[PDB]
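What follows is a single structure, written as structure tokens, with notes after it.
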Ligand SMILES: O[C@@H]1[C@H](O)[C@H](O)[C@H](NCc2ccccc2)[C@@H]1O
Ligand SMILES: *[C@@H]1O[C@H](CO)[C@@H](O)[C@H](O)[C@H]1NC(C)=O
Ligand SMILES: [Zn+2]
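Numbering (the entry's author numbering), first residue to last: 31 to 1044.
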């Protein structure tokens, strides 16, 4: 295995180093506004060396943005595809590329057989070519890598099944900045090439000057280069026709033949296109070939890519004709005029890349190696697109909840083969497709219109219900004696209980377990652990009595804690935010221990008085002017006091100190150690009163944030043997610090209310001497080093925080893990900050046509891990990556993939069993089974199950922590007959494995395996 820590890769372009050197001046470069006046030597191309030009027609079809997926399909996309089928069939030299398989599958299944056959024929002959082949063109900032892979696999599995093709070239013209997670996944999914577009205008200028727009993009820790993927970055401001023929949009706009008037489009540079004729074709060709030769100067081969398209183009038959006939006249002239030394034709993306690599093999060019990312994007001036790292945070959090529920549903149901009447495949396909659709670059990014966001939410809610159904049928089958198991596939044997989604104060969605001497003495509950190691985690349930005790299924008592159910209320009468306790529902909390990828059953039993193994939390309400807080049968009366600083310690864990406003002020790791200053603070950013306004995409603050004025907030302290917490009602945020014995969990119930033009940020202030360095993750896959640059504006120093961020010095590190993607930064040494929500009254001029005024309460979750790192083996100062410690990685897993909780729904569970998976191997902590999916329906003689195995890389800090089992996923199901390593989409077999054993993977690697069973 390659060492991902100690060897700094040698690359030609390392983006962090490039950023440190670049000046980012925004000067007027002439017609290429952000470039320079390109010059070329007319003698470069000649009879023996012609410029080969591929004009690639395309149509960017957003699966929701200003209209919903279905509205665009009915109004635009079905017409584009129907006319592409007709026009390509009738014009054999015409070509077209298609990216979004969600729309293609929606169209194809509505086609009659004759047209399906015609469609297959234009794909098979190369006229219609799929690029990427994912369900969508995903956001690359907020998306988790697991969901980028899910949506890629959904689209490519559909293409293999129905079109018999698997794209090896990727097209990503619209995500708002780009992540190396893409080439990581694509290269392990059979790809050979990829194309990107939205990168900072200063980066395009710098790379263009060095002809480094095509490069071998490798991961930041890859010393050898085996992860490298050839990448083409487009050079100009946009992917539309005006910014794709060459450097001068005035000129290129004249070659967009949809802009002469009858289509309602025009050229803003004020010169319209003119129909090509024999009287003007030589002058029009002179102008166009000059643009092409200028664009060609920015690249190293004699093969030039000219995209020809825009949003929802190629819709009308007349548009197909106007673009095709005019370009055919230009090609016929140009290709026959030897003096141009050009051969131009319609082409596809793969045709472009194949010709570039033929040139490279002929020795005509060598390409530079590059590592790093392309965040944060700015398309012009100081307009940095860091707002969408936070926009519509409720749905950003929902993405991570559904991510986990899809994984758990696919894994729980993979253990068995199911009759078609159980509708398991149907519900999992719906869930995978709705989650995949949301990965679109206007879905999770929060950049769609309000009614489109509602559509995505409704689709994800349906997907969650589908996952719950599959999960609860699976648990019933896995834990019921086989000869007693009697399923009704439409029945709810268990309901899921989720404590953090939508969350307390967001929705009253949780069911209370109703127990009573005159109704039901006890209730079974079951926990599922999707991770491949034994895991303990505290779990809680709402119960109708405080006198409840827990037992495992061998009837062994389990220590438990009962706490009240507290809800916070903005009291419009007293004008205070304060908690109210329930007098009939209580929370019972206990430690569940669950096998790797397994299930564990417990029983909750009511008693007439305090049970021997159940303790009760104390509660202290700190506020001036308190009033009583009755809790029914709860055995401990609530205590009151004036606001004051307080300290808490659960177990042998850290001791946390809090200010009189209920916010953390210090963390003491052990009895002897120092109280390390770690202060939480809430602040607000505003919007500019003149100039450009923040909106869904852009963050354009009116200066550094100002502290939220807190008043004298009400603080609630709950102290228990298993769990304690400090909660405070701040303006727009009920902030909660929860302690269970290890790093605390932070929960924020964020309700920005009617605060227009406000962004609420949560900041951590420490004295850690981090300087200008911090680390943020990319798609939940890797941590990349960031350097704050005071030569760039505040918003340029914000980066995506898809799952975590940290700062460190020689001795100390503070890591904040998140349960949802948000934007964040470190704006000064010792600080971390992460945006909670943003409400904006103005549109930011990117086409959305609205601000963001549809905020709703959201419960954000985090873990805060303060650690000593002076003993850790860390990368050298010049390495671009960072790595988590074991405790921070486990904390992230606790947020993203917690235990699932099931409540048996009827009175008696006949045939109940206590555990499933006790014999599953407990794999080393850095290894995960990211995906377990049965790939065959029950009628297949040979069953196939696919696994995606990911190993992260954790710092070695001196903990022996060893003795684990080898996990061979191919032997998890019985009767294995073959084991194969495959691409990550499971679509191509790469290696037939000896002894049917699937080897574990190296740190930072991801592999896929499929086991076949008779
Ligand atoms: O994803 C949606 C938005 O967020 C924007 O990116 C739109 N494209 C706008 C556009 C049109 C022509 C060229 C470049 C961008 C649309 O595709
Ligand atoms: C699918 O594509 C391959 C490669 O072109 C071809 O040989 C095969 O016949 C096609 N259809 C089948 C039989 O899967
Ligand atoms: Zn788009």
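Note that the Cβ used here is the ideal one computed from N, Cα and C, for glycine as well.
746 is the residue among 746, 556 and 73 whose C-alpha sits nearest the C-alpha of residue 675. Secondary-structure assignment with DSSP links residue 224 through a beta bridge to 200 and 261.
Closest by C-alpha distance to residue 377, out of 358, 371, 389 and 363, is 358. Counting only the Cα atoms, residue 534 lies some 44 Å from residue 221.
Judged by pairs of C-beta atoms under 8 Å, the region 812-831 does not touch the region 749-762, as fewer than three such pairs exist. In this chain, residue 611 is not harboured by any alpha helix (DSSP H); it is covered by the beta strand (DSSP E) spanning 606-624. Annotated as distal: residue 237 and residue 264, with beta-carbon spacing of 8 Å or more. Proximity annotation: ligand 3 has residues 90, 92, 204 and 471 in chain order, each selected because its CB is closer than 6 Å to a heavy atom of the ligand. At a cut-off of 3 residues, not a single continuous stretch assigned as beta strand (DSSP E) sits fully inside the region 448-484.
In the three-state reduction of the DSSP assignment, residue 75 falls in the coil class, being assigned neither a helical nor a strand state.
About 35 Å separates the beta carbons of residue 953 and residue 471, which is beyond the 8 Å limit, so they are not a contact pair. Taken through DSSP and simplified to helix, strand or coil, residue 297 comes out as coil. By the Cβ-count criterion, residue 188 is buried, with 16 or more other Cβ atoms from all chains shown falling within 10 Å of its own Cβ. With fewer than 16 other CB atoms across the displayed protein chains lying within 10 angstroms of its CB, residue 515 is exposed.
Of the residues assessed, residue 369 falls on the exposed side of the cut-off, its CB having fewer than 16 other CB atoms within 10 angstroms.
Classified as exposed, residue 55 has fewer than 16 neighbouring CB atoms from the shown chains inside 10 Å of its CB. The residue among 891, 870 and 194 with its C-alpha nearest the C-alpha of residue 881 is 870. Secondary structure at residue 559: strand, using DSSP grouped into helix, strand and coil. Residue 527 carries a strand assignment under DSSP once its states are collapsed to helix, strand and coil.
Ranked by Cα distance from residue 1009, the options 1018, 990 and 1039 are led by 1039. Pairing residue 72 with residue 245 gives a Cβ-Cβ distance that is not under 8 Å. In terms of Cα proximity to residue 406, the closest of 932, 830, 852 and 172 is 830.
The region 131-149 makes contact with the region 103-110; the number of CB pairs closer than 8 Å reaches 3 or more. Linking residue 1007 to residue 945 through their CA atoms gives a straight-line distance of about 27 Å. Setting aside the 5 residues that flank it on each side, residue 553 is surrounded in the same chain by 543 and 634, each with a C-beta closer than 6 Å to its C-beta; the list follows chain order. Cα atoms of residue 408 and residue 229: separation of roughly 7 Å, rounded to the nearest angstrom. As the crow flies, the alpha-carbon of residue 640 is around 19 Å from that of residue 632.
In the three-state reduction of the DSSP assignment, residue 921 falls in the helix class, which pools H, G and I. Non-local C-beta neighbours of residue 951 in its own chain, meaning closer than 6 Å and more than five positions away in sequence, comprise 995 and 997, ordered along the chain. The DSSP-derived three-state label of residue 501 is helix. For residue 577, the secondary structure class from DSSP, reduced to helix, strand or coil, is coil. Here residue 596 is bridged, per DSSP, to 611. For residue 705, the uninterrupted beta strand (DSSP E) run begins and ends at 705-715, by DSSP. The Cβ atoms of residue 1042 and residue 972 lie closer than 8 Å to each other. In the three-state DSSP reduction, residue 89 falls in the strand class (E or B). Scanning the region 799-852 for uninterrupted beta strand (DSSP E) segments of 3 residues or longer gives 803-808, 812-817, 829-831, 834-838 and 842-848, listed from N- to C-terminal end.
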